[PDB]
Amino acid sequence: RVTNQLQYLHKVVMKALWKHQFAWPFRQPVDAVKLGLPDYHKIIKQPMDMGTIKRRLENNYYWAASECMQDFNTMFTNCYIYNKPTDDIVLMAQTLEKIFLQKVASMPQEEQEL
Ligand SMILES: Cc1noc(C)c1-c1cc(S(=O)(=O)NC2CCCC2)c2cccnc2c1
Ligand SMILES: Cc1noc(C)c1-c1cc(S(=O)(=O)NC2CCCC2)c2cccnc2c1
């Protein structure tokens, strides 16, 4: 579906996050071979990244905004679960997610199809 809320997530939320200076590690799926993490996919069962979310927005994959919000959430949660507490990537994820939440607080409240 195209909905008012999904449009907002695309044009306001994703727009802001995608261009952020800390976004780069999250713009494509985690490549476990490249990063040297043979257990990544053993620990993280549902990988997610902003490249995938952007494409889903662009291709009208989502039926409701809440679905897209859960993908954003999964991407951040994966990061917090996998990485060590002191890893810089955790700080970068937190920074992005703060913007995610700030923007989500201003999303249109009633979802309507277009
Ligand atoms: C401005 C304007 N003047 O005439 C038209 C037509 C627009 C308009 C309408 C929509 S929408 O109807 O698809 N979604 C609405 C629902 C919530 C707010 C946007 C946009 C959608 C995306 C970008 N520009 C949009 C601009
Ligand atoms: C693991 C992992 N789990 O979620 C994400 C996201 C990652 C992650 C981690 C690294 S890194 O640890 O090599 N560099 C850190 C240093 C500070 C920036 C990230 C990447 C390195 C390159 C590309 N993607 C990366 C993605």
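Just so you know, these numbers use all the heavy atoms, side chains as well, and skip hydrogens, waters and symmetry mates. Position 1 is the first residue of the sequence; numbering continues from there.
For the pair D39 and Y82, the minimum side-chain heavy-atom distance is below 4.5 Å. Looking at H10 and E58, their side chains come closer than 4.5 Å, going by heavy atoms from C-beta outward. Considering only heavy atoms from C-beta on, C68 comes within 4.5 Å of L6 through its side chain. Residues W24 and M92 are in side-chain contact: their nearest non-hydrogen atoms beyond the backbone lie under 4.5 Å apart. When side chains are defined from C-beta on, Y61 does not count as touching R1, because their heavy atoms never get closer than 4.5 Å.
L96 CG to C79 SG: the interatomic distance, rounded to the nearest 0.5 Å, is 9.0 Å. Going from atom CG of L37 over to atom NZ of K42 covers 12.5 Å, rounded to the nearest 0.5 Å. To the nearest 0.5 angstrom, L101 atom CG is 11.5 Å from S106 atom OG. Interatomic distance, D87 CG to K84 NZ, rounded to the nearest 0.5 Å: 6.0 Å. Taking CD of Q94 as the start and CD1 of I99 as the end, the distance is 11.5 Å to the nearest 0.5 Å. The structure places CD1 of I53 at 13.5 Å from CZ of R27, a figure rounded to the nearest 0.5 Å.
When all heavy atoms are compared, the tightest approach of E111 to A65 is OE2-N, 2.8 Å. Nearest heavy-atom pair, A23 versus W18, reported as atom, atom and distance to 0.1 Å: CB-O, 3.5 Å. Between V30 and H41, the shortest heavy-atom distance links the atoms O-NE2, 4.3 Å. Nearest heavy-atom pair across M14 and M50 is CE-O, 3.5 Å. Taking every heavy atom of both residues into account, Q109 and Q5 meet most closely at O-NE2, 3.3 Å. Taking every heavy atom of both residues into account, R56 and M48 meet most closely at NH1-CE, 3.7 Å.
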- Would you please test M69 and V13 for side-chain contact (heavy atoms from CB on, under 4.5 Å) and show each step? CA-CA 10 Å; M69 292 165 63; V13 180; over 6 Å; no
- Before giving the answer on side-chain contact (heavy atoms from CB on, under 4.5 Å), spell out for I81 and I44 the whole-Å C-alpha distance, their side-chain angles and the decisive distance to 0.1 Å. CA-CA 8 Å; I81 284 176; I44 299 305; 4.1 Å; yes
- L9 vs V104, side-chain contact (heavy atoms from CB on, under 4.5 Å): CA-CA, chis, key distance, verdict: CA-CA 8 Å; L9 291 172; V104 159; 4.3 Å; yes
- Applying side-chain hydrogen bond (donor to acceptor under 3.5 Å, both in side chains), run through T3 and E113 and close with a yes or a no. CA-CA 4 Å; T3 72; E113 186 183 12; over 6 Å; no
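The environment of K98 atom NZ is sparse: at most 12 non-hydrogen atoms of other residues, nucleotides or ligands sit within 6.0 angstrom. When the shell of 6.0 Å around CG of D88 is examined, it contains 12 or fewer heavy atoms from other residues, nucleotides or ligands.
The aromatic rings of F72 and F76 sit parallel to each other, their planes meeting at less than 30°, with 60° as the upper class boundary.
Cluster membership check: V12 shares its hydrophobic cluster with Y62, using side-chain heavy-atom separations under 4.5 Å among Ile, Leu, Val, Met, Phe, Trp and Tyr. Grouping the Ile, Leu, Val, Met, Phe, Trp and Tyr side chains by contacts below 4.5 angstrom, directly or via other members, places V90 with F100.
No option in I89, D49, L17 other than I89 meets the side chain to side chain contact (heavy atoms under 4.5 Å, CB included) test with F26.
For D31 (side chain) and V33 (main-chain N/O), a donor-acceptor pair under 3.5 Å exists by modelled atom type. Looking only at distances, no side-chain donor or acceptor of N4 sits under 3.5 Å from a matching main-chain atom of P108.
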